[PDB]
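Inspection log for the structure reproduced underneath, given as structure tokens.
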Amino acid sequence: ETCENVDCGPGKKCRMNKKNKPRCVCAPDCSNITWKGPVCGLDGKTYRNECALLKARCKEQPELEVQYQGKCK
């Protein structure tokens, strides 16, 4: 099977993995994000940029959001 006709839904795209299988992977479009610096997540961790936060939200933490811009305290 290939990535053709696969619909991965919001924030994800199809990529062929190292076992030759099509997979849907977290891939937020960073170009949609207006703030370009680090952010402080609702988990209390700093993310190098907001796109990295959104990738983490997609992969592991569905409730993760930016609680303030810049680095966390």
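Ligands are numbered from 1 in the order shown, residues from 1 within each chain, and chains are lettered A, B, ... in the order they appear in the structure tokens.
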
What's around residue 5 (chain A) at 12 Å? Count only C-alpha atoms, leave out sequence neighbours fewer than 3 positions away in its own chain, and write the answer as a short mmCIF file (atom, residue, chain, number, x, y, z; two decimals) with N, CA, C and O atoms, in the first residue's frame.
data_model
loop_
_atom_site.label_atom_id
_atom_site.label_comp_id
_atom_site.auth_asym_id
_atom_site.auth_seq_id
_atom_site.Cartn_x
_atom_site.Cartn_y
_atom_site.Cartn_z
N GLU A 1 0.84 -1.22 0.00
CA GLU A 1 0.00 0.00 0.00
C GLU A 1 0.88 1.27 0.00
O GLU A 1 2.04 1.24 0.41
N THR A 2 0.33 2.35 -0.55
CA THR A 2 0.98 3.64 -0.59
C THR A 2 0.18 4.76 0.11
O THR A 2 -0.91 4.54 0.66
N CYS A 8 -5.59 11.62 6.41
CA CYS A 8 -5.13 11.54 7.79
C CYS A 8 -5.83 12.46 8.78
O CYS A 8 -5.61 12.36 9.98
N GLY A 9 -6.62 13.39 8.27
CA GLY A 9 -7.39 14.25 9.16
C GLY A 9 -6.63 15.50 9.53
O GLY A 9 -5.55 15.73 8.96
N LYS A 13 -0.38 14.05 8.24
CA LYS A 13 -0.12 13.75 6.83
C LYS A 13 0.36 12.32 6.72
O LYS A 13 0.89 11.75 7.67
N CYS A 14 0.25 11.79 5.52
CA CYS A 14 0.68 10.42 5.26
C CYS A 14 2.13 10.35 4.84
O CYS A 14 2.62 11.14 4.01
N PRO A 22 2.21 2.83 4.81
CA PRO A 22 1.78 4.22 4.90
C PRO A 22 1.29 4.47 6.34
O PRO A 22 0.41 3.75 6.86
N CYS A 24 -0.07 7.67 9.15
CA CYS A 24 -0.48 9.05 9.37
C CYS A 24 0.39 9.57 10.49
O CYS A 24 0.48 8.92 11.55
#

Those in chain A with helix (DSSP H, G or I) from DSSP, as a list in words:
residues 30, 31, 32, 50, 51, 52, 53, 54, 55, 56, 57, 58 and 59 of chain A

Would you write out those residues with N, CA and C atoms, as an mmCIF file, in the first residue's frame?
data_model
loop_
_atom_site.group_PDB
_atom_site.id
_atom_site.type_symbol
_atom_site.label_atom_id
_atom_site.label_comp_id
_atom_site.auth_asym_id
_atom_site.auth_seq_id
_atom_site.Cartn_x
_atom_site.Cartn_y
_atom_site.Cartn_z
ATOM 1 N N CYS A 30 3.419 24.647 10.246
ATOM 2 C CA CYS A 30 4.040 25.705 11.042
ATOM 3 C C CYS A 30 3.740 27.051 10.396
ATOM 4 N N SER A 31 3.506 27.035 9.087
ATOM 5 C CA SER A 31 3.308 28.288 8.335
ATOM 6 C C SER A 31 1.984 28.942 8.719
ATOM 7 N N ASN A 32 1.128 28.228 9.421
ATOM 8 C CA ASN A 32 -0.148 28.817 9.853
ATOM 9 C C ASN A 32 0.016 29.581 11.167
ATOM 10 N N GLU A 50 5.995 27.259 18.745
ATOM 11 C CA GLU A 50 4.636 26.815 18.897
ATOM 12 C C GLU A 50 4.343 25.569 18.062
ATOM 13 N N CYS A 51 5.000 25.410 16.896
ATOM 14 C CA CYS A 51 4.796 24.235 16.091
ATOM 15 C C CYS A 51 5.208 22.981 16.844
ATOM 16 N N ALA A 52 6.283 23.071 17.602
ATOM 17 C CA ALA A 52 6.743 21.914 18.372
ATOM 18 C C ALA A 52 5.718 21.557 19.440
ATOM 19 N N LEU A 53 5.075 22.586 20.015
ATOM 20 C CA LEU A 53 4.017 22.351 20.987
ATOM 21 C C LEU A 53 2.844 21.619 20.311
ATOM 22 N N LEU A 54 2.424 22.092 19.132
ATOM 23 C CA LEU A 54 1.304 21.489 18.440
ATOM 24 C C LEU A 54 1.647 20.053 18.019
ATOM 25 N N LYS A 55 2.898 19.774 17.694
ATOM 26 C CA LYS A 55 3.256 18.379 17.352
ATOM 27 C C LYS A 55 3.128 17.496 18.586
ATOM 28 N N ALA A 56 3.601 17.969 19.726
ATOM 29 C CA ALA A 56 3.452 17.232 20.956
ATOM 30 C C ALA A 56 2.002 17.015 21.366
ATOM 31 N N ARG A 57 1.179 18.037 21.159
ATOM 32 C CA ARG A 57 -0.231 17.946 21.447
ATOM 33 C C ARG A 57 -0.849 16.777 20.618
ATOM 34 N N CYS A 58 -0.482 16.762 19.356
ATOM 35 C CA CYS A 58 -0.970 15.746 18.427
ATOM 36 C C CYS A 58 -0.448 14.345 18.814
ATOM 37 N N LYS A 59 0.801 14.210 19.211
ATOM 38 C CA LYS A 59 1.387 12.919 19.471
ATOM 39 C C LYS A 59 1.049 12.369 20.846
#

Interatomic distance, CA of residue 11 (chain A) to CA of residue 41 (chain A) (Å, one decimal)
18.3 Å

Correct to one decimal, the distance CA of residue 35 (chain A)-CA of residue 23 (chain A) is 29.2 Å

Quick one: residues within 8 Å of residue 42 (chain A), only C-alpha atoms counted, chain neighbours fewer than 3 positions away excluded, as a ChimeraX atom specification?
/A:45,64-67

Region 30-67 of chain A: residues DSSP assigns to strand (DSSP E or B), reported as a ChimeraX atom specification:
/A:39-41,46-47,66-67

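With CA of residue 10 (chain A) on one side and CA of residue 49 (chain A) on the other, the separation reads 19.5 Å.
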
Counting only C-alpha atoms, the residue of A:69, A:34, A:61, A:17 that sits nearest residue 48 (chain A):
A:69

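Using only C-alpha atoms, the nearest neighbour of residue 28 (chain A) within the list A:73, A:12, A:4, A:43 is A:12.
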